Structure formats: structure tokens, C-alpha cells
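One structure is given here, and the rest of the page talks about it.
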Amino acid sequence: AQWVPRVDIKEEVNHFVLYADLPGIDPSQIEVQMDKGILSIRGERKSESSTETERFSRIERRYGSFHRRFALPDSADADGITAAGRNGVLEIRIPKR
Amino acid sequence: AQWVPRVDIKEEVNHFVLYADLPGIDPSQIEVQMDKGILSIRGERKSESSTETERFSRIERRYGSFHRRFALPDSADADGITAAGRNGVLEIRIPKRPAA
């Protein structure tokens with residue numbers, strides 16, 4: 001964790017949903033993991049603000065490795081996580097056990 | 001209601017490059033305008049978190065109307081702004097008026 005991408009977490013009747021704003025990362029670069037109830041969203045954003053940095057007149061965008069963790073409830077079925085990204089939003093869907 | 005996305009600005013060789021983090025917006029819906037030296041990126045992001053809000057054990061993601069305005073050096077060329085979003089990043093590439 002060197003940036004904290006924004007994650008919304010919703011608990012529905014029969015599932016959770018996490019919406020993670022991860023722009024600039026290929027959804028295949030983002031590890032969604034659950035380990036003993038902890039849901040981790042881990043990866044790295046390379047920002048072209050690292051390449052040729054003197055050239056940047058304004059840098060608001062954060063990047064680096066990230067590791068969001070949420071202690072989800074026990075009703076979260078870590079076997080059911082699906083994870084899909086569109087337009088830099090990663091949506092993680094977790095059924096309740 | 002209204003949001004404030006993060007935007008990097010880089011002065012390249014042939015180009016001004018604006019990188020805007022606008023996750024969860026189709027590129028096509030991002031208004032890019034440059035009028036009077038000032039680049040504007042404008043649009044609306046909607047959020048699942050407006051619906052069923054009370055179900056959210058956590059809300060971090062911002063959403064709504066954004067309208068960002070960046071006065072660029074006079075040497076930025078308005079006629080040539082290209083724009084492409086990949087994975088929620090709008091890369092806005094603005095040529096220089098060679099040197100004008």
C-alpha cells in the first residue's frame with residue numbers, strides 16, 4: 001500500500017459487491033484474494049508520472065502498489081468471488097455462504 | 001452530485017499530455033474542450049453507491065459532475081487535442097502550436 005484506490009463496499013441480501021476505482025491497471029494485474037475472511041485487492045499502478053518526471057507540471061494522480069484489505073463477514077463466500085473491470089472500475093462480487 | 005477527478009499534466013516534446021483518472025466513465029461521455037488557453041475535461045460519473053446507500057459498509061468512491069479546467073501555456077494548440085481512455089484513464093494529448 002503506497003496509494004489507496006477507492007473502494008465502495010456494499011452488502012446485499014445474498015452477496016457483497018466491492019467497486020474499486022483502479023484506473024490505469026489491467027484487470028489482469030489486480031489480484032483479488034480472500035484469505036481467512038480478509039478480502040485483499042492488491043496490485044500496482046505504474047503511472048507515466050514515473051517516466052520522465054521533471055516534465056510534469058501537475059501530478060494529482062496517485063500510484064504505486066496498493067493493497068486494500070477488508071475484513072469481510074463470515075457470510076462472504078470466498079469461493080464465489082468473481083471480479084470484473086470496466087473503465088478502470090473493478091467490481092468484485094461475492095456471494096453469501 | 002459533484003466529483004473532482006485527479007489529473008496529471010505532462011509537457012512532452014511535441015505534446016502537452018493530460019492524464020485524467022476518470023474510472024467508470026465511457027470515454028465517449030467525457031467532454032474535452034479547450035477554450036481561451038484553458039483545457040476543460042467535463043462529464044458526469046454515476047455511482048452504484050447512490051442506490052441502496054445504506055447497504056454500503058464503506059463508500060470511498062466519488063462521483064457526479066466533474067468539470068476541471070487547466071489554463072495551459074499559450075503554446076498549447078486547441079485545434080489538435082486528441083483524447084483516448086484506457087482502463088478509466090483519459091489520456092488527453094494536446095500538440096504545441098510548433099512554437100506559437
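Labels used: A, B, ... for chains in the order of the C-alpha cells, numbers from 1 for residues in each chain, and numbers from 1 for ligands as shown.
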
Would you please extract all strand (DSSP E) residues from range 5-100 of chain B, as assigned by DSSP on the backbone, and give them as a ChimeraX atom specification? /B:7-11,15-21,31-34,38-45,56-58,64-71,82-86,89-95

Each residue of range 42-85 of chain A with at least one atom at most 9 Å from range 1-6 of chain B should appear once, together with its nearest atom pair and the corresponding distance in Å (one decimal); atoms considered: only C-alpha atoms; ordering: chain, then increasing residue number; output as a Markdown table.
```
| residue | atom | partner | partner_atom | distance |
| --- | --- | --- | --- | --- |
| A:59 | CA | B:6 | CA | 8.2 |
| A:60 | CA | B:6 | CA | 5.2 |
| A:61 | CA | B:6 | CA | 5.2 |
| A:62 | CA | B:6 | CA | 8.3 |
```

Contact set, chain A to chain B: 9 Å, only C-alpha atoms, as a ChimeraX atom specification: /A:5-12,19-27,48-49,52-62,85-90

Export of prior selection with N, CA, C and O atoms as a compact mmCIF listing (two decimals), in the first residue's frame:
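result.txt was written with the following content:
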```txt
# COMPACT_ATOMS: atom_id res chain seq x y z
N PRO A 5 -6.37 3.10 -3.69
CA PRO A 5 -7.54 3.23 -4.56
C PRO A 5 -8.82 3.16 -3.78
O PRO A 5 -8.85 2.48 -2.75
N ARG A 6 -9.85 3.84 -4.28
CA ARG A 6 -11.14 3.98 -3.64
C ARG A 6 -11.92 2.73 -3.87
O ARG A 6 -12.10 2.30 -5.04
N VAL A 7 -12.51 2.21 -2.80
CA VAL A 7 -13.31 1.05 -2.90
C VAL A 7 -14.64 1.36 -2.22
O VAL A 7 -14.64 1.84 -1.12
N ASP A 8 -15.74 1.10 -2.89
CA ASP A 8 -17.02 1.07 -2.23
C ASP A 8 -17.36 -0.39 -1.95
O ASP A 8 -17.07 -1.30 -2.76
N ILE A 9 -17.91 -0.63 -0.77
CA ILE A 9 -18.41 -1.95 -0.43
C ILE A 9 -19.84 -1.97 -0.01
O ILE A 9 -20.25 -1.31 0.96
N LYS A 10 -20.60 -2.77 -0.72
CA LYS A 10 -21.97 -2.87 -0.49
C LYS A 10 -22.30 -4.26 0.03
O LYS A 10 -21.80 -5.21 -0.48
N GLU A 11 -23.16 -4.39 1.03
CA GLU A 11 -23.64 -5.72 1.41
C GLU A 11 -25.07 -5.84 0.98
O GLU A 11 -25.90 -5.02 1.35
N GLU A 12 -25.35 -6.77 0.09
CA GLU A 12 -26.73 -7.08 -0.28
C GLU A 12 -27.28 -8.26 0.51
O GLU A 12 -26.62 -8.82 1.35
N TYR A 19 -16.61 -2.18 -5.32
CA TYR A 19 -16.33 -1.42 -6.58
C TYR A 19 -15.01 -0.71 -6.29
O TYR A 19 -14.92 0.09 -5.35
N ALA A 20 -13.97 -1.06 -7.02
CA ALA A 20 -12.70 -0.50 -6.74
C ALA A 20 -12.32 0.36 -7.97
O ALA A 20 -12.30 -0.13 -9.08
N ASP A 21 -12.09 1.63 -7.76
CA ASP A 21 -11.57 2.51 -8.80
C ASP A 21 -10.14 2.23 -8.96
O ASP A 21 -9.33 2.65 -8.13
N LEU A 22 -9.82 1.46 -9.96
CA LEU A 22 -8.42 1.20 -10.25
C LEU A 22 -7.98 1.74 -11.66
O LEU A 22 -7.61 0.97 -12.52
N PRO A 23 -8.03 3.04 -11.91
CA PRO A 23 -7.64 3.32 -13.33
C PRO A 23 -6.18 3.02 -13.68
O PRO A 23 -5.33 2.97 -12.79
N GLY A 24 -5.91 2.68 -14.94
CA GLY A 24 -4.55 2.59 -15.42
C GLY A 24 -3.93 1.27 -15.13
O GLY A 24 -2.70 1.09 -15.30
N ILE A 25 -4.74 0.33 -14.66
CA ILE A 25 -4.25 -1.02 -14.41
C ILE A 25 -5.06 -1.98 -15.23
O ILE A 25 -6.27 -1.81 -15.40
N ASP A 26 -4.37 -2.97 -15.77
CA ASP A 26 -5.05 -4.01 -16.48
C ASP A 26 -5.62 -5.02 -15.50
O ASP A 26 -4.89 -5.60 -14.67
N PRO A 27 -6.94 -5.26 -15.61
CA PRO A 27 -7.64 -6.04 -14.62
C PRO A 27 -6.97 -7.37 -14.40
O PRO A 27 -7.26 -8.05 -13.40
N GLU A 48 2.71 6.92 -15.70
CA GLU A 48 3.65 7.54 -16.62
C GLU A 48 4.19 8.82 -16.00
O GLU A 48 4.99 9.54 -16.62
N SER A 49 3.76 9.11 -14.77
CA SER A 49 4.36 10.21 -13.99
C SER A 49 5.71 9.79 -13.38
O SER A 49 6.43 10.63 -12.83
N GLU A 52 9.99 10.10 -17.05
CA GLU A 52 10.26 11.50 -17.47
C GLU A 52 9.59 12.53 -16.55
O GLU A 52 8.89 13.42 -17.01
N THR A 53 9.85 12.41 -15.25
CA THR A 53 9.09 13.11 -14.20
C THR A 53 9.26 14.65 -14.14
O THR A 53 8.28 15.38 -13.90
N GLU A 54 10.49 15.13 -14.34
CA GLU A 54 10.78 16.58 -14.49
C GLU A 54 9.81 17.30 -15.44
O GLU A 54 9.48 18.47 -15.24
N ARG A 55 9.33 16.57 -16.45
CA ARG A 55 8.39 17.08 -17.47
C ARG A 55 6.94 17.32 -16.99
O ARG A 55 6.11 17.84 -17.74
N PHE A 56 6.62 16.94 -15.75
CA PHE A 56 5.25 17.04 -15.23
C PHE A 56 4.95 18.37 -14.48
O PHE A 56 5.52 18.67 -13.43
N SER A 57 4.04 19.13 -15.04
CA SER A 57 3.70 20.43 -14.49
C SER A 57 2.63 20.34 -13.41
O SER A 57 2.33 21.33 -12.75
N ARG A 58 2.03 19.15 -13.27
CA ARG A 58 0.95 18.90 -12.30
C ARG A 58 0.71 17.40 -12.20
O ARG A 58 0.51 16.73 -13.20
N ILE A 59 0.82 16.89 -10.97
CA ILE A 59 0.70 15.45 -10.69
C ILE A 59 -0.27 15.38 -9.54
O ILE A 59 0.08 15.75 -8.41
N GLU A 60 -1.50 14.95 -9.83
CA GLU A 60 -2.52 14.81 -8.79
C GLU A 60 -2.74 13.33 -8.56
O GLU A 60 -3.21 12.92 -7.50
N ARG A 61 -2.40 12.55 -9.58
CA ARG A 61 -2.71 11.14 -9.64
C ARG A 61 -1.73 10.31 -8.87
O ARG A 61 -0.53 10.49 -9.01
N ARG A 62 -2.28 9.40 -8.08
CA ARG A 62 -1.51 8.58 -7.17
C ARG A 62 -1.35 7.21 -7.78
O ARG A 62 -2.16 6.77 -8.60
N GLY A 85 -13.68 -5.93 -14.48
CA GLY A 85 -13.30 -4.50 -14.53
C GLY A 85 -13.78 -3.90 -15.82
O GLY A 85 -13.67 -4.54 -16.84
N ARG A 86 -14.37 -2.73 -15.76
CA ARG A 86 -14.64 -1.96 -16.96
C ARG A 86 -14.44 -0.46 -16.71
O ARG A 86 -15.05 0.12 -15.81
N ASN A 87 -13.63 0.17 -17.57
CA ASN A 87 -13.30 1.59 -17.46
C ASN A 87 -12.56 1.91 -16.16
O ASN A 87 -12.79 2.92 -15.53
N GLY A 88 -11.66 1.02 -15.78
CA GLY A 88 -10.93 1.18 -14.54
C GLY A 88 -11.69 0.97 -13.24
O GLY A 88 -11.17 1.24 -12.20
N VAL A 89 -12.92 0.48 -13.27
CA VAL A 89 -13.63 0.19 -12.04
C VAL A 89 -13.60 -1.26 -11.96
O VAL A 89 -14.01 -1.93 -12.90
N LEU A 90 -13.06 -1.78 -10.88
CA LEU A 90 -13.11 -3.25 -10.71
C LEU A 90 -14.30 -3.55 -9.77
O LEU A 90 -14.37 -3.03 -8.66
```

Using DSSP secondary structure from the backbone, list all helix (DSSP H, G or I) positions within chain B, as a list in words. residues 27, 28, 29, 48, 49, 50, 53, 54, 55, 78, 79 and 80 of chain B

Expected file contents, prior selection, N, CA, C and O atoms, as a PDB file, in the first residue's frame:
```
ATOM      1  N   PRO B  27     -15.245   6.629 -22.191  1.00  0.00           N
ATOM      2  CA  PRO B  27     -14.560   7.738 -22.858  1.00  0.00           C
ATOM      3  C   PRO B  27     -15.525   8.656 -23.595  1.00  0.00           C
ATOM      4  O   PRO B  27     -15.548   9.864 -23.331  1.00  0.00           O
ATOM      5  N   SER B  28     -16.331   8.087 -24.483  1.00  0.00           N
ATOM      6  CA  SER B  28     -17.288   8.835 -25.261  1.00  0.00           C
ATOM      7  C   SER B  28     -18.092   9.871 -24.460  1.00  0.00           C
ATOM      8  O   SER B  28     -18.638  10.807 -25.029  1.00  0.00           O
ATOM      9  N   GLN B  29     -18.228   9.706 -23.155  1.00  0.00           N
ATOM     10  CA  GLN B  29     -19.053  10.649 -22.419  1.00  0.00           C
ATOM     11  C   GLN B  29     -18.248  11.756 -21.765  1.00  0.00           C
ATOM     12  O   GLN B  29     -18.797  12.604 -21.081  1.00  0.00           O
ATOM     13  N   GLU B  48     -22.918   3.373  -8.244  1.00  0.00           N
ATOM     14  CA  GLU B  48     -23.695   2.343  -7.578  1.00  0.00           C
ATOM     15  C   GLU B  48     -24.024   2.707  -6.098  1.00  0.00           C
ATOM     16  O   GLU B  48     -25.026   2.243  -5.549  1.00  0.00           O
ATOM     17  N   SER B  49     -23.201   3.587  -5.503  1.00  0.00           N
ATOM     18  CA  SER B  49     -23.307   3.962  -4.083  1.00  0.00           C
ATOM     19  C   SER B  49     -24.432   4.973  -3.735  1.00  0.00           C
ATOM     20  O   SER B  49     -24.749   5.192  -2.545  1.00  0.00           O
ATOM     21  N   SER B  50     -24.981   5.601  -4.774  1.00  0.00           N
ATOM     22  CA  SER B  50     -26.189   6.426  -4.686  1.00  0.00           C
ATOM     23  C   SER B  50     -27.457   5.567  -4.408  1.00  0.00           C
ATOM     24  O   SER B  50     -28.357   6.018  -3.724  1.00  0.00           O
ATOM     25  N   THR B  53     -27.792   2.933  -0.543  1.00  0.00           N
ATOM     26  CA  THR B  53     -26.586   3.561   0.042  1.00  0.00           C
ATOM     27  C   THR B  53     -26.345   3.039   1.452  1.00  0.00           C
ATOM     28  O   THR B  53     -25.213   2.977   1.960  1.00  0.00           O
ATOM     29  N   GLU B  54     -27.451   2.684   2.089  1.00  0.00           N
ATOM     30  CA  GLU B  54     -27.431   2.278   3.458  1.00  0.00           C
ATOM     31  C   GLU B  54     -26.822   0.883   3.544  1.00  0.00           C
ATOM     32  O   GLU B  54     -26.332   0.519   4.600  1.00  0.00           O
ATOM     33  N   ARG B  55     -26.826   0.141   2.433  1.00  0.00           N
ATOM     34  CA  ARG B  55     -26.158  -1.168   2.338  1.00  0.00           C
ATOM     35  C   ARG B  55     -24.624  -1.111   2.231  1.00  0.00           C
ATOM     36  O   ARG B  55     -23.954  -2.118   2.198  1.00  0.00           O
ATOM     37  N   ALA B  78      -5.178  24.357 -29.685  1.00  0.00           N
ATOM     38  CA  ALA B  78      -6.545  23.925 -29.411  1.00  0.00           C
ATOM     39  C   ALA B  78      -7.128  23.069 -30.476  1.00  0.00           C
ATOM     40  O   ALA B  78      -7.945  22.207 -30.189  1.00  0.00           O
ATOM     41  N   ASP B  79      -6.712  23.282 -31.730  1.00  0.00           N
ATOM     42  CA  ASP B  79      -7.294  22.522 -32.851  1.00  0.00           C
ATOM     43  C   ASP B  79      -6.948  21.068 -32.874  1.00  0.00           C
ATOM     44  O   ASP B  79      -7.525  20.330 -33.665  1.00  0.00           O
ATOM     45  N   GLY B  80      -6.016  20.640 -32.036  1.00  0.00           N
ATOM     46  CA  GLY B  80      -5.425  19.298 -32.216  1.00  0.00           C
ATOM     47  C   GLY B  80      -5.556  18.271 -31.087  1.00  0.00           C
ATOM     48  O   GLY B  80      -5.153  17.119 -31.215  1.00  0.00           O
TER      49      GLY B  80
END
```

Tell me which protein, DNA and RNA residues are within 6 Å of residue 66 in chain A, counting only C-alpha atoms, leaving out same-chain ones fewer than 6 positions away, and put them as a ChimeraX atom specification. /A:1-4,42-44

Using only C-alpha atoms, which protein or nucleic acid residues come within 9 Å of residue 41 in chain B? Drop anything in the same chain fewer than 6 positions from it, and give the result as number ranges by chain. B: 20, 30-34, 66-70

Output file for the selection above: C-alpha atoms, as a PDB file, in the first residue's frame:
```pdb
ATOM      1  CA  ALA B  20      -7.201  12.064 -16.079  1.00  0.00           C
ATOM      2  CA  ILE B  30     -16.044  12.776 -21.456  1.00  0.00           C
ATOM      3  CA  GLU B  31     -16.351  16.401 -22.732  1.00  0.00           C
ATOM      4  CA  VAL B  32     -12.824  17.609 -23.609  1.00  0.00           C
ATOM      5  CA  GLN B  33     -12.772  21.341 -24.655  1.00  0.00           C
ATOM      6  CA  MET B  34     -10.038  23.910 -24.918  1.00  0.00           C
ATOM      7  CA  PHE B  66     -16.860  16.911 -12.749  1.00  0.00           C
ATOM      8  CA  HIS B  67     -15.613  19.974 -14.617  1.00  0.00           C
ATOM      9  CA  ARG B  68     -11.919  20.500 -14.500  1.00  0.00           C
ATOM     10  CA  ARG B  69     -10.151  23.473 -16.067  1.00  0.00           C
ATOM     11  CA  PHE B  70      -6.466  23.780 -16.672  1.00  0.00           C
TER      12      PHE B  70
END
```
